[PDB]
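Peer 1: Here it is, the structure, as structure tokens.
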Amino acid sequence: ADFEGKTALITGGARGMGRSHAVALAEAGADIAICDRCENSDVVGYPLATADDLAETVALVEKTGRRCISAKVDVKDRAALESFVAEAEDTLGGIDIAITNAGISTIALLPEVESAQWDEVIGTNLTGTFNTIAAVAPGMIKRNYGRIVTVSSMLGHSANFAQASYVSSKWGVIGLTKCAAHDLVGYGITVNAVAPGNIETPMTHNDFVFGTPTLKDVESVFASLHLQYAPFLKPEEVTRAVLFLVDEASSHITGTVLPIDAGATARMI
Amino acid sequence: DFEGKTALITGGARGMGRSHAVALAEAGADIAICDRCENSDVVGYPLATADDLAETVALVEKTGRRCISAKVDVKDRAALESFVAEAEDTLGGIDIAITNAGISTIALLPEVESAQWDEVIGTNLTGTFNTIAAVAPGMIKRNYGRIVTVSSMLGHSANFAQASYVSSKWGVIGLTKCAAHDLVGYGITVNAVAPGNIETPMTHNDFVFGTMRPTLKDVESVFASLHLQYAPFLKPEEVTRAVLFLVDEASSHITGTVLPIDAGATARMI
Amino acid sequence: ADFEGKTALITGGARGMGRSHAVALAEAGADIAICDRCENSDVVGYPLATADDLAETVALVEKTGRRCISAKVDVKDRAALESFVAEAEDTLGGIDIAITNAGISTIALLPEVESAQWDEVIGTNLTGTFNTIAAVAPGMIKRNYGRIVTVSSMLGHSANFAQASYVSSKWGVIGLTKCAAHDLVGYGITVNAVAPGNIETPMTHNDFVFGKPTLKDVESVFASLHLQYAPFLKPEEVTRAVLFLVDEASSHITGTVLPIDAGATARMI
Amino acid sequence: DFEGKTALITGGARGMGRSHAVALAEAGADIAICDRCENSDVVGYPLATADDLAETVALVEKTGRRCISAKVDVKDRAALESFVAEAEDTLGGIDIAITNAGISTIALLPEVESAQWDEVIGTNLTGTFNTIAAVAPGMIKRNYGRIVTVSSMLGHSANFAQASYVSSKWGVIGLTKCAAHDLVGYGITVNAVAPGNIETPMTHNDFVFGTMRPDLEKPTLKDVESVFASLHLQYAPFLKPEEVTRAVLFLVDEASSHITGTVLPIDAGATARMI
Ligand SMILES: NC(=O)c1ccc[n+]([C@@H]2O[C@H](COP(=O)([O-])OP(=O)(O)OC[C@H]3O[C@@H](n4cnc5c(N)ncnc54)[C@H](O)[C@@H]3O)[C@@H](O)[C@H]2O)c1
Ligand SMILES: NC(=O)c1ccc[n+]([C@@H]2O[C@H](COP(=O)([O-])OP(=O)(O)OC[C@H]3O[C@@H](n4cnc5c(N)ncnc54)[C@H](O)[C@@H]3O)[C@@H](O)[C@H]2O)c1
Ligand SMILES: NC(=O)c1ccc[n+]([C@@H]2O[C@H](COP(=O)([O-])OP(=O)(O)OC[C@H]3O[C@@H](n4cnc5c(N)ncnc54)[C@H](O)[C@@H]3O)[C@@H](O)[C@H]2O)c1
Ligand SMILES: NC(=O)c1ccc[n+]([C@@H]2O[C@H](COP(=O)([O-])OP(=O)(O)OC[C@H]3O[C@@H](n4cnc5c(N)ncnc54)[C@H](O)[C@@H]3O)[C@@H](O)[C@H]2O)c1
Ligand SMILES: [Ca+2]
Ligand SMILES: [Ca+2]
Ligand SMILES: [Ca+2]
Ligand SMILES: [Ca+2]
């Protein structure tokens with residue numbers, strides 16, 4: 001079992017990719033700590049995860065036979081993350097693997113992007129990643145082991161219309177990934193990013209995103225973003241890149257960005 | 001060259017912001033400059049003073065141009081917005097904007113203090129967003145703008161102890177390219193300059209010299225290593241000329257780009 | 001922006017961008033050496049320059065007051081270039097500025113790309129650039145001064161369908177640029193690339209490429225490659241970026257790639 | 001599980017190509033491997049021999065798999081096509097291709113001999129082109145392929161005295177993105193691995209150690225470690241071929257169907273400094 005006797009922390013673990021990552025790590029043998037904000041944002045048009053979503057991930061992780069701990073945590077809140085990390089380090093015996101998956105997407109054109117919306121997207125997606133790295137690194141340093149995977153986007157090395165907040169945060173995540181990779185280099189820690197294309201999760205599959213109306217009605221616009229026919233990839237397709245990077249054998253892969261985007265990267269760098 | 005045009009420069013009190021302002025003034029633009037004019041508790045070197053800002057105003061005026069200034073924190077969107085309105089009432093609509101206000105810090109993860117992260121992200125990235133958001137309505141209305149953001153050599157690389165600064169300068173590029181999309185159909189371009197080591201009070205000060213080793217000569221080797229060519233520091237005017245190239249009316253079809261002025265550091269990378 | 005006392009070499013100087021660069025450098029005070037193969041190629045579907053084309057550019061340069069030398073030279077022939085450089089040392093005082101502009105475009109899908117076509121595109125566009133830098137470098141080292149501008153493309157940092165040969169050569173040119181920037185760094189020489197988008201020249205404005213098929217018929221297809229709604233830019237828009245780079249005051253800009261691509265670069269790195 | 005899959009590996013006589021060949025075999029693939037098996041006039045270290053290639057053949061068949069081999073120069077498209085048809089016939093068609101054949105040289109501009117430029121561009125860039133061209137028709141017919149090209153840390157950076165090598169490796173990445181375009185509709189993916197300093201006979205030889213540490217008449221491994229290690233972020237001057245092999249296996253997996261046109265660095269943090 002590849003990951004037996006490891007422990008993983010996944011932020012935004014209540015649904016979508018975060019649940020996917022937690023469940024696959026659990027199946028391969030890791031104990032799991034998941035957290036999620038479990039509430040809506042006024043500046044986000046689609047519903048975020050709920051308390052029941054989170055319990056369901058816990059139930060799915062436990063079904064594999066692993067230990068799981070969970071908590072309602074806003075990654076913007078550094079003290080809150082640090083407290084939950086302390087619990088996990090003590091309940092599960094140190095955190096080996098951190099996935100900074102918590103994140104939000106918005107659509108709004110410049111100059112009419114609301115400061116509160118900018119704040120939340122930068123805050124959750126970029127500062128929340130910073131807060132998560134900074135929260136797990138001391139334990140990984142003391143243990144001279146870790147694998148941190150950050151989550152950027154296709155949009156983390158490109159750009160589109162009406163995406164200033166989201167794109168700025170996902171570019172900064174890549175910069176952040178490479179710095180953490182420097183600072184933690186000497187302690188047996190790696191830091192890499194996954195950059196997904198369009199993934200079928202409740203971030204993209206909801207009535208607000210459809211509005212800006214069927215799945216069938218929106219597919220062509222999503223498909224234009226990809227080189228390959230596929231309008232949406234499965235969360236599992238990103239999870240297997242995550243698992244490749246957080247393997248112990250990825251000791252000398254650090255500071256990298258791995259795209260899972262159906263050939264969108266074929267168009268660019 | 002720039003006669004009849006009006007340019008907004010943030011962090012206009014000294015350093016590269018002063019150089020940009022004066023060069024645009026000599027070329028014929030009227031200038032609107034703003035600066036924080038105060039220190040920050042999480043930045044180890046002194047920031048500009050009001051006297052620095054008043055100096056840039058006199059330099060711009062010594063060219064024959066008109067100049068207005070204001071004490072402004074670019075983290076404050078509403079402050080920027082009122083200063084834009086202030087500027088246009090006096091000098092006409094803003095045609096050119098340089099998002100130059102910025103700060104640098106040195107701190108290793110995971111001992112990066114949250115207030116310092118907030119400050120750096122806030123000034124460098126959120127401040128750039130606030131400046132663009134401040135100027136764009138009038139550029140859209142007038143159907144003309146040239147916006148230059150300021151990233152860094154570190155905006156497309158990374159180094160030790162620079163998480164806040166590097167994350168911000170990466171952010172600036174993605175923002176630049178985004179602003180280049182939303183603004184595209186209104187005759188507005190948005191490009192970044194990415195300077196290497198530049199001789200300004202950001203780099204030339206005791207705090208930076210102390211932390212990198214204390215005199216100029218003792219820190220030259222450290223700064224030289226970052227460049228491919230031998231020159232430890234470049235003149236701010238070397239960045240300014242890149243700015244002027246990009247904000248030229250003739251640059252209507254250059255948008256979403258990153259122009260490095262980094263003494264060959266970009267020869268080692270993308 | 002004054003080049004009095006300087007001599008500039010422009011390959012593919014017979015028409016299009018080379019001619020644009022040659023005339024503008026001459027206007028700004030530079031003496032000029034221009035060469036072109038002046039001959040069609042069997043693996044390129046549109047016509048290349050004629051000897052009359054080259055004589056026009058000589059005449060256009062001389063009208064500015066400058067001295068000009070010209071020769072029929074295929075840039076794949078290193079010895080021919082070196083011979084033309086030697087004529088430039090003897091007559092014009094040696095080449096201070098070089099623009100490796102000579103190049104060709106082809107269209108063909110893998111796996112049906114003919115080796116003879118791959119060879120000609122890599123030879124002219126990639127090796128031809130190498131041959132030009134190698135030919136002009138020794139004189140620039142001897143005088144401790146040089147400005148070299150190579151010509152890549154929006155496709156030298158992206159990719160598209162049916163363009164393996166072209167795209168590969170233009171990617172290689174960017175690597176070569178950054179290599180030449182290294183080797184020549186100690187000698188007062190800079191090496192930078194321009195990367196144009198769709199430019200109105202005889203490379204794009206011809207029967208073959210348009211393939212009854214008029215300009216107004218192809219405009220929307222060319223426009224889709226740009227972000228701004230301009231299907232083609234003028235050669236002069238590329239030329240002014242070249243002048244910016246080869247200026248004496250650009251001594252500390254080296255190894256860079258300057259896009260002139262109407263916002264294509266806004267979507268990518 | 002690559003059981004029932006056939007992999008072509010060029011440069012399979014030693015180094016990373018042998019590493020790829022043995023791992024794919026162990027994982028269930030049958031193997032077609034080819035190599036030049038002859039030194040080059042313009043490369044300063046020895047290349048592989050026919051006995052090297054035979055060694056790889058023997059090691060693969062020890063795993064229980066079928067293996068075919070040929071002396072092939074990747075610069076010769078017709079020779080690659082002949083070898084591919086022989087593979088198609090004996091082993092049922094090539095599902096996976098790793099374009100590993102390549103060489104490195106050292107020479108400062110403008111003193112780069114044309115003949116060295118031509119060989120490096122020819123083997124590294126054109127030979128990758130040739131390999132892609134040769135295997136793609138079978139992959140198209142069967143509507144399945146996984147192609148991995150081999151660029152380098154230097155395919156997205158530059159250094160002194162490597163114009164030939166660096167131009168070739170940049171070219172490879174562009175070519176990779178175009179093949180990904182051209183072949184996308186036929187169930188074929190094309191990705192690059194970009195290795196850092198790898199312990200193979202390309203780097204571990206008397207010619208290479210002589211360069212970097214010449215002021216030093218008889219340079220040993222230990223005398224060169226520090227200069228190689230300054231190219232990496234992490235301590236290790238050299239990585240194992242198997243560390244690249246493992247990325248190769250990730251990419252050529254059937255499950256990697258929606259990863260195409262990407263460049264995967266295995267470079268011990270070098271990519272942490274850059275893009
Ligand atoms: N869905 C896509 O197509 C796609 C594409 C590229 C990148 N991504 C990225 O992948 C990541 C996961 O997204 P997903 O597709 O699973 O969407 P999702 O909305 O289903 O999952 C995101 C989870 O993060 C949680 N969250 C949001 N803000 C939080 C906060 N402040 N603190 C803690 N938790 C918070 C949400 O409650 C939710 O459960 C995000 O970073 C996103 O930007 C997604
Ligand atoms: N100097 C370098 O080597 C170098 C290298 C790369 C990028 N940069 C960037 O160039 C830009 C200019 O910096 P500089 O080198 O001229 O240094 P500087 O410190 O002399 O100038 C920066 C100016 O911005 C002002 N400022 C800081 N925070 C502000 C805020 N919140 N609101 C308004 N004004 C504020 C400062 O008071 C100062 O006058 C910055 O974005 C910096 O990151 C500098
Ligand atoms: N036109 C575009 O949209 C475009 C876009 C990006 C890059 N480019 C590049 O710009 C450069 C200039 O092209 P252009 O648009 O002026 O096209 P062009 O065909 O008008 O000019 C190229 C010139 O180079 C000459 N040439 C071709 N092969 C040669 C060889 N072996 N030796 C010497 N000369 C040779 C041709 O005769 C021609 O006169 C080329 O490198 C091209 O790849 C063009
Ligand atoms: N070793 C490193 O540090 C490193 C780093 C990055 C990339 N690479 C690349 O990895 C690939 C494999 O190199 P390696 O380190 O395994 O070195 P290697 O020299 O041990 O193996 C390369 C093999 O390719 C063969 N070869 C050379 N030219 C050929 C040709 N024209 N036709 C057929 N075969 C030919 C050689 O005979 C040799 O057996 C190369 O593309 C190299 O550029 C190596
Ligand atoms: Ca076990
Ligand atoms: Ca006038
Ligand atoms: Ca105006
Ligand atoms: Ca042997």
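By order of appearance in the structure tokens: chains A, B, ..., then residues from 1 within every chain, and ligands from 1 in the order shown.
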Please provide as a list in words all residues within 12 Å of residue 46 in chain A, with the sequence filter that same-chain residues fewer than 3 positions apart are discarded (counting only C-alpha atoms).
Peer 2: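 Contacts, with the query itself left out: residues 39, 40, 41, 42, 43, 49, 104, 105, 106, 107, 201, 202, 203, 204, 205, 206, 207, 208, 209, 210, 211 and 212 of chain A.
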Peer 1: Write the residues of the preceding selection, restricted to N, CA and C atoms, as a PDB file, in the first residue's frame.
Peer 2:
```pdb
ATOM      1  N   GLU A  39     -19.467  26.783   4.355  1.00  0.00           N
ATOM      2  CA  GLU A  39     -20.454  27.850   4.230  1.00  0.00           C
ATOM      3  C   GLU A  39     -20.280  28.622   2.934  1.00  0.00           C
ATOM      4  N   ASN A  40     -21.359  29.273   2.520  1.00  0.00           N
ATOM      5  CA  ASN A  40     -21.366  30.111   1.330  1.00  0.00           C
ATOM      6  C   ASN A  40     -20.614  31.418   1.527  1.00  0.00           C
ATOM      7  N   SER A  41     -20.150  31.993   0.423  1.00  0.00           N
ATOM      8  CA  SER A  41     -19.627  33.353   0.434  1.00  0.00           C
ATOM      9  C   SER A  41     -20.590  34.267  -0.318  1.00  0.00           C
ATOM     10  N   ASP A  42     -20.811  35.455   0.239  1.00  0.00           N
ATOM     11  CA  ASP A  42     -21.649  36.464  -0.389  1.00  0.00           C
ATOM     12  C   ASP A  42     -21.095  36.917  -1.742  1.00  0.00           C
ATOM     13  N   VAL A  43     -19.785  36.762  -1.954  1.00  0.00           N
ATOM     14  CA  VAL A  43     -19.144  37.256  -3.172  1.00  0.00           C
ATOM     15  C   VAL A  43     -18.932  36.113  -4.184  1.00  0.00           C
ATOM     16  N   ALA A  49     -19.450  24.164  -0.086  1.00  0.00           N
ATOM     17  CA  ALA A  49     -19.758  22.943   0.650  1.00  0.00           C
ATOM     18  C   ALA A  49     -20.553  23.198   1.944  1.00  0.00           C
ATOM     19  N   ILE A 104     -11.855  29.084  -4.568  1.00  0.00           N
ATOM     20  CA  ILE A 104     -13.110  29.594  -5.129  1.00  0.00           C
ATOM     21  C   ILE A 104     -12.851  30.235  -6.485  1.00  0.00           C
ATOM     22  N   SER A 105     -13.899  30.279  -7.296  1.00  0.00           N
ATOM     23  CA  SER A 105     -13.843  30.916  -8.605  1.00  0.00           C
ATOM     24  C   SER A 105     -14.943  31.973  -8.716  1.00  0.00           C
ATOM     25  N   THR A 106     -14.605  33.091  -9.364  1.00  0.00           N
ATOM     26  CA  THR A 106     -15.571  34.157  -9.660  1.00  0.00           C
ATOM     27  C   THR A 106     -15.425  34.669 -11.098  1.00  0.00           C
ATOM     28  N   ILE A 107     -16.459  35.353 -11.574  1.00  0.00           N
ATOM     29  CA  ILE A 107     -16.526  35.923 -12.907  1.00  0.00           C
ATOM     30  C   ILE A 107     -16.995  37.353 -12.760  1.00  0.00           C
ATOM     31  N   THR A 201     -16.802  19.331 -11.153  1.00  0.00           N
ATOM     32  CA  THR A 201     -16.956  19.385  -9.708  1.00  0.00           C
ATOM     33  C   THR A 201     -18.078  20.386  -9.491  1.00  0.00           C
ATOM     34  N   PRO A 202     -18.558  20.542  -8.240  1.00  0.00           N
ATOM     35  CA  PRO A 202     -19.620  21.539  -8.040  1.00  0.00           C
ATOM     36  C   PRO A 202     -19.198  23.014  -8.239  1.00  0.00           C
ATOM     37  N   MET A 203     -17.899  23.278  -8.394  1.00  0.00           N
ATOM     38  CA  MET A 203     -17.406  24.620  -8.796  1.00  0.00           C
ATOM     39  C   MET A 203     -17.852  24.986 -10.220  1.00  0.00           C
ATOM     40  N   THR A 204     -17.881  24.003 -11.110  1.00  0.00           N
ATOM     41  CA  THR A 204     -18.240  24.272 -12.494  1.00  0.00           C
ATOM     42  C   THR A 204     -19.646  23.784 -12.835  1.00  0.00           C
ATOM     43  N   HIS A 205     -20.108  22.734 -12.138  1.00  0.00           N
ATOM     44  CA  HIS A 205     -21.436  22.170 -12.385  1.00  0.00           C
ATOM     45  C   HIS A 205     -22.497  22.680 -11.403  1.00  0.00           C
ATOM     46  N   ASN A 206     -23.037  23.853 -11.693  1.00  0.00           N
ATOM     47  CA  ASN A 206     -24.026  24.487 -10.831  1.00  0.00           C
ATOM     48  C   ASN A 206     -24.802  25.491 -11.669  1.00  0.00           C
ATOM     49  N   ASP A 207     -25.963  25.912 -11.179  1.00  0.00           N
ATOM     50  CA  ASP A 207     -26.853  26.815 -11.927  1.00  0.00           C
ATOM     51  C   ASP A 207     -26.321  28.235 -12.163  1.00  0.00           C
ATOM     52  N   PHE A 208     -25.496  28.740 -11.245  1.00  0.00           N
ATOM     53  CA  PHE A 208     -24.894  30.063 -11.434  1.00  0.00           C
ATOM     54  C   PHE A 208     -23.909  30.096 -12.623  1.00  0.00           C
ATOM     55  N   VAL A 209     -23.039  29.083 -12.696  1.00  0.00           N
ATOM     56  CA  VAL A 209     -22.056  28.971 -13.780  1.00  0.00           C
ATOM     57  C   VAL A 209     -22.758  28.692 -15.100  1.00  0.00           C
ATOM     58  N   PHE A 210     -23.759  27.809 -15.077  1.00  0.00           N
ATOM     59  CA  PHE A 210     -24.551  27.574 -16.278  1.00  0.00           C
ATOM     60  C   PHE A 210     -25.223  28.873 -16.758  1.00  0.00           C
ATOM     61  N   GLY A 211     -25.790  29.633 -15.824  1.00  0.00           N
ATOM     62  CA  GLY A 211     -26.463  30.898 -16.125  1.00  0.00           C
ATOM     63  C   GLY A 211     -25.565  31.902 -16.832  1.00  0.00           C
ATOM     64  N   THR A 212     -24.370  32.104 -16.276  1.00  0.00           N
ATOM     65  CA  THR A 212     -23.312  32.866 -16.921  1.00  0.00           C
ATOM     66  C   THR A 212     -22.492  31.873 -17.739  1.00  0.00           C
TER      67      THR A 212
END
```
Peer 1: Give me, as a ChimeraX atom specification, the residues of chain A touching chain D, with the criterion being at most 6 Å (counting only C-alpha atoms).
Peer 2: /A:178,252-255,260,262-263,265-266
Peer 1: Excluding range 166-170 of chain A and its own-chain neighbours fewer than 6 positions away, which residues fall within 7 Å of it when counting only C-alpha atoms? Please give them as a PyMOL selection string.
Peer 2: (chain A and resi 105-106+121-122+125-126+152-153+155-156+159) or (chain B and resi 171-172+174-175)
Peer 1: Please produce a file of the residues just selected, as an mmCIF file, in the first residue's frame, where the atoms kept are C-alpha atoms.
Peer 2:
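Output below, filename part.cif:
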```
data_model
loop_
_atom_site.group_PDB
_atom_site.id
_atom_site.type_symbol
_atom_site.label_atom_id
_atom_site.label_comp_id
_atom_site.auth_asym_id
_atom_site.auth_seq_id
_atom_site.Cartn_x
_atom_site.Cartn_y
_atom_site.Cartn_z
ATOM 1 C CA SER A 105 -13.843 30.916 -8.605
ATOM 2 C CA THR A 106 -15.571 34.157 -9.660
ATOM 3 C CA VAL A 121 -10.493 35.214 -4.005
ATOM 4 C CA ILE A 122 -6.971 36.453 -3.297
ATOM 5 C CA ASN A 125 -6.881 30.970 -3.102
ATOM 6 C CA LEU A 126 -3.480 32.625 -2.559
ATOM 7 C CA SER A 152 -3.206 26.350 -9.407
ATOM 8 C CA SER A 153 -5.017 26.240 -12.719
ATOM 9 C CA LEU A 155 -5.418 29.945 -15.784
ATOM 10 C CA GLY A 156 -2.321 30.033 -13.516
ATOM 11 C CA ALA A 159 -5.465 34.447 -18.863
ATOM 12 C CA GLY B 171 0.285 37.827 -9.362
ATOM 13 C CA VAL B 172 1.057 41.091 -11.192
ATOM 14 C CA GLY B 174 -1.455 37.265 -14.379
ATOM 15 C CA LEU B 175 -3.301 40.526 -13.514
#
```
Peer 1: At a cut-off of 6 Å, list the chain C residues touching chain A, using only C-alpha atoms, as a list in words.
Peer 2: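 My answer is residues 158, 159, 267 and 268 of chain C.
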Peer 1: Could you list, as an mmCIF file with C-alpha atoms, in the first residue's frame, all protein and nucleic acid residues with an atom at most 9 Å from ligand 8, counting only C-alpha atoms and all ligand atoms?
Peer 2:
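For reference, out.cif as written:
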```cif
data_model
loop_
_atom_site.group_PDB
_atom_site.id
_atom_site.type_symbol
_atom_site.label_atom_id
_atom_site.label_comp_id
_atom_site.auth_asym_id
_atom_site.auth_seq_id
_atom_site.Cartn_x
_atom_site.Cartn_y
_atom_site.Cartn_z
ATOM 1 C CA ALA D 13 21.540 0.670 -25.613
ATOM 2 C CA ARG D 14 22.461 2.277 -22.236
ATOM 3 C CA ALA D 48 27.071 3.091 -27.086
ATOM 4 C CA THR D 49 28.206 -0.086 -28.866
ATOM 5 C CA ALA D 50 26.322 -3.072 -30.286
ATOM 6 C CA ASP D 51 27.360 -5.036 -27.169
ATOM 7 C CA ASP D 52 25.628 -2.366 -25.049
ATOM 8 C CA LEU D 53 22.507 -2.774 -27.169
ATOM 9 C CA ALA D 54 22.690 -6.599 -26.871
ATOM 10 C CA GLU D 55 23.001 -6.237 -23.068
ATOM 11 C CA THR D 56 19.749 -4.285 -22.994
#
```
Peer 1: For ligand 4, collect every residue having any atom at a distance of at most 7 Å from a ligand atom (counting only C-alpha atoms and all ligand atoms); output as a ChimeraX atom specification.
Peer 2: /D:10-17,34-38,47-49,72-75,100-104,123-124,127,150-153,194-203
Peer 1: How would you write, as a ChimeraX atom specification, the set of residues in range 47-252 of chain B that DSSP gives as strand (DSSP E)?
Peer 2: /B:67-71,96-99,145-150,188-195
Peer 1: Based on the selection just made, write N, CA and C atoms of those residues as a short mmCIF file (atom, residue, chain, number, x, y, z; two decimals), in the first residue's frame.
Peer 2:
```cif
data_model
loop_
_atom_site.label_atom_id
_atom_site.label_comp_id
_atom_site.auth_asym_id
_atom_site.auth_seq_id
_atom_site.Cartn_x
_atom_site.Cartn_y
_atom_site.Cartn_z
N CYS B 67 1.90 69.40 -12.88
CA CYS B 67 2.04 68.26 -11.98
C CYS B 67 1.14 68.51 -10.80
N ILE B 68 0.35 67.49 -10.45
CA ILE B 68 -0.33 67.43 -9.17
C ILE B 68 0.14 66.18 -8.39
N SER B 69 0.12 66.27 -7.07
CA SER B 69 0.52 65.15 -6.23
C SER B 69 -0.51 64.94 -5.14
N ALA B 70 -0.46 63.77 -4.51
CA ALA B 70 -1.30 63.45 -3.34
C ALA B 70 -0.65 62.35 -2.53
N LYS B 71 -0.82 62.42 -1.21
CA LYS B 71 -0.42 61.33 -0.35
C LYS B 71 -1.51 60.25 -0.50
N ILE B 96 -2.21 57.54 -19.51
CA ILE B 96 -1.12 56.64 -19.20
C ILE B 96 -1.10 56.37 -17.68
N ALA B 97 -0.95 55.12 -17.27
CA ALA B 97 -0.84 54.81 -15.83
C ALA B 97 0.27 53.80 -15.58
N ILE B 98 1.16 54.18 -14.66
CA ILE B 98 2.26 53.32 -14.24
C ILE B 98 2.04 52.90 -12.78
N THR B 99 1.84 51.60 -12.58
CA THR B 99 1.51 51.02 -11.26
C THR B 99 2.80 50.63 -10.52
N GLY B 145 -5.91 54.11 -23.56
CA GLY B 145 -5.03 53.98 -22.41
C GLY B 145 -3.78 53.16 -22.65
N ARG B 146 -2.73 53.51 -21.92
CA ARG B 146 -1.53 52.71 -21.86
C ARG B 146 -1.18 52.55 -20.41
N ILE B 147 -1.31 51.31 -19.93
CA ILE B 147 -1.06 50.98 -18.54
C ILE B 147 0.20 50.11 -18.52
N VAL B 148 1.15 50.44 -17.65
CA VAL B 148 2.31 49.58 -17.45
C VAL B 148 2.31 49.19 -16.00
N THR B 149 2.26 47.89 -15.76
CA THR B 149 2.45 47.40 -14.40
C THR B 149 3.95 47.15 -14.18
N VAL B 150 4.34 46.99 -12.92
CA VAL B 150 5.73 46.68 -12.61
C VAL B 150 5.81 45.37 -11.84
N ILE B 188 -7.10 50.30 -25.12
CA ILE B 188 -6.27 50.27 -23.91
C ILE B 188 -5.36 49.06 -23.99
N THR B 189 -4.05 49.29 -23.80
CA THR B 189 -3.08 48.21 -23.63
C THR B 189 -2.54 48.15 -22.20
N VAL B 190 -2.13 46.97 -21.76
CA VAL B 190 -1.61 46.77 -20.40
C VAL B 190 -0.39 45.86 -20.53
N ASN B 191 0.79 46.37 -20.18
CA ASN B 191 1.99 45.56 -20.25
C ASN B 191 2.79 45.71 -18.93
N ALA B 192 3.65 44.74 -18.62
CA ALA B 192 4.53 44.84 -17.43
C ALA B 192 5.95 45.05 -17.86
N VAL B 193 6.70 45.81 -17.06
CA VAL B 193 8.16 45.75 -17.11
C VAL B 193 8.58 44.82 -15.96
N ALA B 194 9.67 44.07 -16.14
CA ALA B 194 10.23 43.22 -15.07
C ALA B 194 11.70 43.57 -14.82
N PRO B 195 11.95 44.49 -13.89
CA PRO B 195 13.35 44.87 -13.74
C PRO B 195 14.15 43.86 -12.91
#
```
Peer 1: I'd like the neighbourhood of range 135-140 of chain B as a PyMOL selection string, where a residue qualifies if any of its atoms comes within 8 Å (using only C-alpha atoms), though same-chain residues fewer than 4 positions away should be ignored.
Peer 2: (chain A and resi 110-111) or (chain B and resi 81+84+93-95+97+131+144-145+183+186-188)
Peer 1: Chain B residues within 6 Å of chain D, counting only C-alpha atoms: which ones, as a PyMOL selection string?
Peer 2: chain B and resi 157-158+268-269
